[PDB]
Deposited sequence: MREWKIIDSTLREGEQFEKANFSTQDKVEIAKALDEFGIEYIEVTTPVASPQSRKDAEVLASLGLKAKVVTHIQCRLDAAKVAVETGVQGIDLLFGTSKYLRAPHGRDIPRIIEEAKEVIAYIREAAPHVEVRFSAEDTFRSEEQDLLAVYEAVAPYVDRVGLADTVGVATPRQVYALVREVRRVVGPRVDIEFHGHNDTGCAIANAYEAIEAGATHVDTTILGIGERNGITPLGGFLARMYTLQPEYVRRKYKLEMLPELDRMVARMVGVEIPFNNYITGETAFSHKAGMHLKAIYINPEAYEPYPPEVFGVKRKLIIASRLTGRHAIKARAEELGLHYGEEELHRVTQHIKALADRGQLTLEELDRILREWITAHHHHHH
């Protein structure tokens, strides 16, 4: 352990997907299915976006889910006021992307202080945008100074270019500077095909929270997808992962979202893709008969799917 939790952002990051147009009822459906699956956090679009987004945040946070509902805002006093008034259990601050460091630290601490005052029980996370491309001394200076005042700090590979060893290294440095009592969140975009690998490296480096969306939907080609992330973690911690989540629900989660946003599940999608458990090579089929484990990373039944043997 390697203990960690998932922050689903389907209703935040989520909404930034090109084809997403979630009704209130769509979001409630998604949130209840995630809660049933066992997801620990559900992050929702800033209430400042529209009066709509505010309402949705209000409803989601009062659904009585076991998951904590958390909203994502710019690191600003005005947005923080709106956020606390919604009743969310958490607020995820993003300090947007040079101006001096004591001032950045100043402005951050002010927002965080407002929130502690107005809503002492709300969990606060602080991230700087584009964390891995920010110059590192100043980044660590900010995180070190803000960490004593927050429950969690986050790192965001905003443009999807961080490399796995870079993510590992910077998470380790952040852990060094913030100490063992502040949680560490990773958010990574998939532009260079590293969102799952980077989330995994983040956890190996000490990260405690990973952002996912169902099918990885999000800005551009999206972020770490729930199913791909769970496949990656299941192979390493199968006992922990199967006890944490209702893994057999994955196909229904992927279907629900695909139907809502109007896409097909891709044909190679982790676990639930048409092709995810198809075998064809004769020497593979030879082995699967004696033991399917021979060419399978995990059992399809665990995730509520079946293998396919192509015997032509």
Which regions of the deposited sequence are unaccounted for in the modelled residues, listed N- to C-terminal? 98 to 105, 321 to 382
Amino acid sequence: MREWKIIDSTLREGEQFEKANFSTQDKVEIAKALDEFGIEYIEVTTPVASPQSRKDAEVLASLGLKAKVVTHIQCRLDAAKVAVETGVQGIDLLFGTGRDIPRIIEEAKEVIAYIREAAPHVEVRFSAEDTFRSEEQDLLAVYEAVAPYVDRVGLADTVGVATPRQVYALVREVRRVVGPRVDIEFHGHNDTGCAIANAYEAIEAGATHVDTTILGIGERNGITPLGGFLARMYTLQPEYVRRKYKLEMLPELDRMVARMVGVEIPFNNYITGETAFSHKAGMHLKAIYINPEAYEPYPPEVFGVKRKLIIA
From here on, numbers count along this sequence of modelled residues.
Is residue 99 one of the residues left unmodelled in a third or more of the other entries compared? yes
What about residue 311, left without coordinates in a third or more of the other entries of this protein that model its neighbours? yes
So, looking at the entry's B-factor column for Cα atoms, which has the higher mean, 284 to 292 or 297 to 305? 284 to 292
Comparing mean C-alpha B factor in the record for 144 to 152 and 71 to 79, the higher one is 71 to 79
Check the PDB entry and point out which of 170, 241, 113, 207 has the largest C-alpha temperature factor. 113
Could you say which of 49, 271, 247, 257 has its CA atom at the highest B factor, as listed in the PDB entry? 49
Looking at the temperature factor on the CA atom of residue 160, which third of the chain's modelled residues does it land in? lowest
Residue 92 CA temperature factor, ranked by third within the chain: middle
Determine, from the deposited record, the chain-internal third of the Cα B-factor for residue 57: lowest, middle or highest. highest
Within this chain's modelled residues, let me know which third the CA B factor of residue 222 belongs to: lowest, middle or highest. lowest
Based on the entry's values, in what third of the chain does the Cα temperature factor of residue 43 lie: lowest, middle or highest? lowest
